[PDB]
Each structure stands twice: as C-alpha cells, then as structure tokens.
Amino acid sequence: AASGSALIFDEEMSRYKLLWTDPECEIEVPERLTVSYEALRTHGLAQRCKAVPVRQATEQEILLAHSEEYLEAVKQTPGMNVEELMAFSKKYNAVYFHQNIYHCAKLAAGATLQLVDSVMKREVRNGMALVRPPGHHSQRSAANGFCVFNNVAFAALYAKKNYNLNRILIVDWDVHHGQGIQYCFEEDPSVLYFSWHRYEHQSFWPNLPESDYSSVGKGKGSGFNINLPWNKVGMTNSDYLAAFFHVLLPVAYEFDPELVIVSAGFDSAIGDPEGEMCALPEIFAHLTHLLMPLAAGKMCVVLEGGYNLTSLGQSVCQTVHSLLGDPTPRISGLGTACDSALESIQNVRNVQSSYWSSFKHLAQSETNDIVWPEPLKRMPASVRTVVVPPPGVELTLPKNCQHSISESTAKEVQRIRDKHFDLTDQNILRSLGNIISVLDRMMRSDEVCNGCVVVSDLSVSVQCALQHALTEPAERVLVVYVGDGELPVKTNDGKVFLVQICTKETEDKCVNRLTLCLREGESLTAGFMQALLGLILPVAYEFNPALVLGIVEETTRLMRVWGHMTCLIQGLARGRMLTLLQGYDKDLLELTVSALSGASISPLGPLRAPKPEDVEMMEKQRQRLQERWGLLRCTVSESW
Ligand SMILES: O=C(/C=C/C1CCN(CCc2ccccc2)CC1)NO
Ligand SMILES: [K+]
Ligand SMILES: [K+]
Ligand SMILES: [Zn+2]
C-alpha cells in the first residue's frame, strides 16, 4: 500500500513579484513561499517528505480549464515591459503580472499535477504542493485575485481525464470564496466543491451573490456546490469544527470521493490581515486529520493564500504533520459556534436538505500586532502501536507495531488484586499486567502512542484500565464502548464521558453519557457514521480527553465502521487510545491495529440512507446534550 507524503516545491515560483504600488496586491509576496518551505525545513518535516520535482503544465493541460484566447494573452506577458504589464493587470480585478509570472503559473499548475500523479499512482499516500501564484479565483478567461490559472480545478479535471475518476471532493478552507472552482464545476456532479469564506453579507471581496449558501450547483450538478458564508470576522476553532462536523464531513462521507483535493489557504488562520479570523494553526492539523479517512487517504493539499508570514508557517507545518501521520495536538476551549456561524450552518443545512441524506430529516416537519502561543512540538512515536494478542498468537504486524511485563508493574497487579479483587484466574491477571504495561508506555513515554489489548473479563480489565489512567493522572478520559450491559465506570465527577453503542433502548439521565441504540438492519452502517460525525465527534472534541478508552465486547456488525472511528477518534488525546477487545477476533484485531497504527482506511462506499427511527433517536440526544456541549449545535438557539 502507498506510504509517505510528497512535498512539491521550487524556489523558482518565488521569482516574481509586484513591480508597482497597489495596496490591493501589496500582500502577495514571494516570502510566503520562502517562509513556508523554510518552516517545514526548520521543523524536520521537509526532510521526511518525498521531494517530487515541479514541472510545467502543458498547453493541452492548461486548456482543460482555460480558453485559448486567455492563454494566448497571458503567453504574451513575458515579453511586456512594466508599463505594459500594468496595463494588462488593470483588465482584471486584484491581480498583478510580472515577466516571470506566466512561467511560475505553469509551474504552480504542473506542481499540482505532479502531486495528483504521485498520489493516484500510489507512489505516496498524500502530499502538499507549495505553489505561487494561487489558483482558486482564476476563471476560464480571466485572472482574478492573485490567481492566473486554477491549479485545483486543473487537478480535478486532470484526475478525471487521466484516471477515470467519478467522484472528487474539493475542500477549500481558504478565507476567500474560490469562485473560479465553483464556476468550473457547478454543473458537474462528479466534483463536489465545499468552500467556507468571509462573506459579511456580500460586503467582503469578491462581493458575489453566488458566494452565498443558496448556490447549490446548477442542473445535473445541483447539490454538489456547498458555500458556507462567514458573516462575521473572528471565527474560532469551534466555528471551523462546527462547520466540519455538521456540514462538510456528513456530506463528504456520503459522497465517498475517490480523491480529495484541498484548496489550502491559511488566511483563515489567526493573525491574517485579510481573513481576520481567530482559528489557531493547530486547527489545520485537525481539518487535515478529519479528511484523511476519505478516499483511502488520497489527499492533495495545494497552497492558496496566507499572508501573515508567521501564522502561515505554523499552519503549513500543522498540515504536513498530519499528512505525515504525527499525533494531533489537543485543542482546548471548544464550545458552541457563535450565533452568526450557527445561522450560516443552519441555512446551508436547510437548503442542502433536498440533496443529502444526513440533512433530509430537516425537510419534513415530521422529522426535523496579533499574538498567540507557538504550537507545541509534534513528534512521531518510535513505536506507534503496541499490541497484546492472546498468548501464543503471533500476527503479521505493521512496521510500527510491537507485541507488549516488568516486575515493578507485576507488583502493582498484586496490590490491586489484594484490595479490589478474590480473583485468581492467573490469565486475567496477565491481562491486568498488559493493560498497566501498555498504559504506562502510552502516557510516560513519547515513543509509544496507543495500543490494543485482548482481554477476557471486561469489568476487571475496564476498572484497572480506567483507574490506572485516572491516577497517572490523565485529567479526563473518554470511554467508547460497543456493547450492552453496565460497565464499572462512574461518569459523574466530570472526569469521564461515556459513549455507549448498544442494542437495547436505555434511558440515560445526565449529560456525561451518550447512549445510542441503532435499530439493527442494513442501514446500521450509515446510522453509525451519522452519529460519529454529528454527535460523538462534536462532544469528544469539546470534552478534550487526555486518554481515549475503547471497549468492544465479544457479542461482526461493527467491522464495517470500527476503522473509521478508530481513525477519527485519534484526533483526541494526542492519539493516546487504548482499546480492550473482549475475546479473540483476528479480523477485528487486525483492523484496530491497522487504524491505530496510522494505516489507510478502506472506503465505506455506498450506504443505505439511515433509518428515520435512528435519526429521531440521534436528534433526541442532541436536544438532550447540546446545552451542556455547545459544539453539538447546528442551529441558532431560541432566544428567551
Ligand atoms: O488569497 C486570496 C486573494 C486575496 C485577495 C483578494 C483581493 N484583495 C484585494 C482587495 C483590496 C485590498 C485593499 C484595497 C482595495 C481592495 C486582496 C487579497 N484568495 O484565496
Ligand atoms: K474558501
Ligand atoms: K460541483
Ligand atoms: Zn484567500
């Protein structure tokens, strides 16, 4: 399977610049490329990426997305003097030309195609192209907003033509609306385009009516354009995550793209003079991470904007850290999106309910100088995942997993056995040695990250796992439990939150438990995904645990989704998750280790839309919990 991450960059694309004064374009500088690549080098991330050379987009490739007339006129700019380049620039909105910009434009476009080829030829799993000029504003016959050619549109057109792709997701998290991309694909259901952007009721550039939430596509492409306008500046991590959990991710996993392309502008990051938003660079580590289980990880991140040379470097690194599989930073202080964001979110959801399953219950009333902390260090664990299979069972393990028991810890198991258990089943007592040994390696060391242990007795294993974590001390523990029955977990001191996926409808009282009973049947897979994206993830992120404890009991149905959840849930607790599998099940154990270890998640494909009973159940849980956990909100709250 493909491994590694490409980094496509070339110093030549920094060799064009503004040659006259124009405060509109004053901010698009060569140093954005220089600073971004030099920050990747400073943090050791460039050295870990497969360098892939830049190339020029050919004339035929340029014409996938642009007209002959426009290409001919741009082809003349290398021969123009400064006076002539200014006259040519003035024909377009917020764009400057330079004797070398045509050359660099073909490089920025060729680099994107180099990226697309390396990912689709399985030479790498994913990658990033640092390019200049940006693309997403470019249109079929015009330059616009610093863009000459539409790099990301090329990539989707080229991947369609050269790899026969039917479904391509484009995620545009730049702070500006990528109207060039939207115009490109508005009638094309094969390309799904998502963009959030500073709109301010159309008063922010490029001031377009069709940048609003109501542009859902045209014709056969209706429903494959999703605009989320930001009508206030200052949007926070919670707004960005609320957009992902309640708009982008539900749509993207139902669409099931064969390739993901990110228009990665970082002007949506704190400190940027254009975006004036407040999201920390670390949020881009999660934006990337939450998209990585799509399309078996085939993700092409293409740089667009980003103008604060400092927030720029830190967001590029956070993105590449996640592309490389490094553990995610903990995001603290999450809560409800602001009212403006919930308004935009609720309006997109409503207008899109005609087109997407995860929104369809909405349609019938039966169913309805700036400073911030420098990001902490992210270092890959030397051994990522520890595994403890049943005694004697050896398994073919990924190159970053080991099998598990010191006398020091063997003392601890005696101490616990003497007080709380009596227990003499000397096998269970090995389970407890394993849990403690794995947990100690997970939290004490930065060279083991997570782990899975097979166990026989759930309650004693769960108890010591939980009690040993709560005493390290891990401030908070998220517990995710697939099974029925009550476990020895006391989730009423604020330190534990319990997600339980069961088969019997059990009323839960208090707001530190989320219990989901999904009616059995073929629709079980889609219902689980809907609760994962819309409930489990929003709560888990607000909760912000220091350890995640997964628990599966021997009583299959889970095998189709367990890998997505294991992958997504590693956005919490810096990836520190300990999974207890009750009984042996080589396939469940292989899948868990594979997702724990950072491998690609195989796609879900086409799923039967979820049962309405399950969607009423999950909206009842959201009603019951969103007042405590504001990140669950996807509507504006009732003003009393
Ligand atoms: O990063 C991008 C392009 C971002 C551009 C958009 C257009 N404004 C210029 C608008 C302006 C600025 C100052 C005075 C008068 C007008 C600059 C930034 N897209 O992702
Ligand atoms: K955008
Ligand atoms: K489209
Ligand atoms: Zn931008």
Side-chain angles (χ1 to χ4, degrees), residues 18 21-25 27-29 32-33 36 65 89 92-96 108 131-139 142-153 156-157 160 165-200 203-208 210-211 215-219 221-227 230 233 251-252 255 257 261-269 271-277 279 284 302-308 311-312 315 352 355-356:
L18 183 52
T21 42
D22 178 7
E24 312 195 359
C25 308
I27 66 186
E28 207 292 304
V29 281
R32 300 183 316 115
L33 230 56
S36 319
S89 294
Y92 306 102
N93 180 236
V95 85
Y96 68 84
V131 305
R132 215 175 62 104
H136 66 160
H137 294 315
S138 194
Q139 299 162 227
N144 186 266
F146 304 155
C147 311
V148 177
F149 301 134
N150 200 308
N151 309 137
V152 163
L157 291 165
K160 279 191 72 196
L165 262 46
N166 286 324
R167 292 191 305 292
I168 297 178
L169 171 58
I170 299 179
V171 178
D172 180 349
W173 71 46
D174 193 271
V175 86
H176 296 95
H177 182 229
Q179 85 275 39
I181 302 193
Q182 162 167 318
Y183 296 159
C184 202
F185 302 103
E186 61 188 338
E187 301 186 81
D188 196 347
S190 64
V191 174
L192 163 58
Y193 177 62
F194 174 93
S195 160
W196 63 30
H197 38 268
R198 185 185 164 167
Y199 198 41
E200 279 178 317
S203 75
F204 194 65
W205 190 98
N207 320 104
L208 296 185
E210 57 277 10
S211 288
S215 282
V216 296
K218 284 176 202 298
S222 306
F224 301 92
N225 196 88
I226 294 144
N227 294 334
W230 294 136
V233 305
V251 165
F255 180 61
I261 316 181
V262 177
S263 267
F266 297 108
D267 47 10
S268 52
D272 195 287
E274 265 296 308
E276 296 170 34
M277 302 302 170
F284 296 104
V302 186
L303 185 81
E304 299 276 359
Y307 304 102
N308 176 247
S311 62
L312 181 54
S315 318
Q352 293 289 163
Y355 306 113
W356 297 98

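Atoms considered below: every heavy atom in the structure, side chains included; atoms not considered: hydrogens, waters and symmetry mates. Numbering of residues begins at 1 and proceeds along the displayed sequence. Counting starts at 1 for both ligands and their atoms, following the listed order.
- In summary, an N, O or S atom of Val191 is located under 3.4 Å from the K ion (ligand 3).
- Distances from the K ion (ligand 3) show that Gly217 has no N/O/S atom below 3.4 Å.
- As for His176, its N/O/S atom nearest the Zn ion (ligand 4) is the one called ND1.
- Among the atoms of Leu192, no N, O or S atom is found under 3.4 Å from the K ion (ligand 3).
- Proximity of the aromatic rings of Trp173 and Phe284 is defined here by a centroid distance below 6.0 angstrom, and this criterion is met.
- In summary, no N, O or S atom of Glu187 is located under 3.4 Å from the K ion (ligand 3).
- For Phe204 and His176, the ring centers are positioned less than 6.0 Å apart.
- At least one N or O atom of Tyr307 sits closer than 3.5 Å to an N or O atom of ligand 1.
- By the criterion of a heavy-atom distance under 4.0 Å, both the backbone and the side chain of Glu24 are placed next to ligand 1.
- Looking at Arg132 and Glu28, a side-chain N of the basic residue comes within less than 4.0 Å of a carboxylate O on the acidic one, giving a salt bridge.
- On a distance-only criterion, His176 and ligand 1 share at least one N/O pair closer than 3.5 Å.
- With the Zn ion (ligand 4) as the vertex, OD2 (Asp267) and OD2 (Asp174) define an angle of 80°, rounded to 10°.
- Not one N or O of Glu274 is nearer than 3.5 Å to an N or O of ligand 1, by distance alone.
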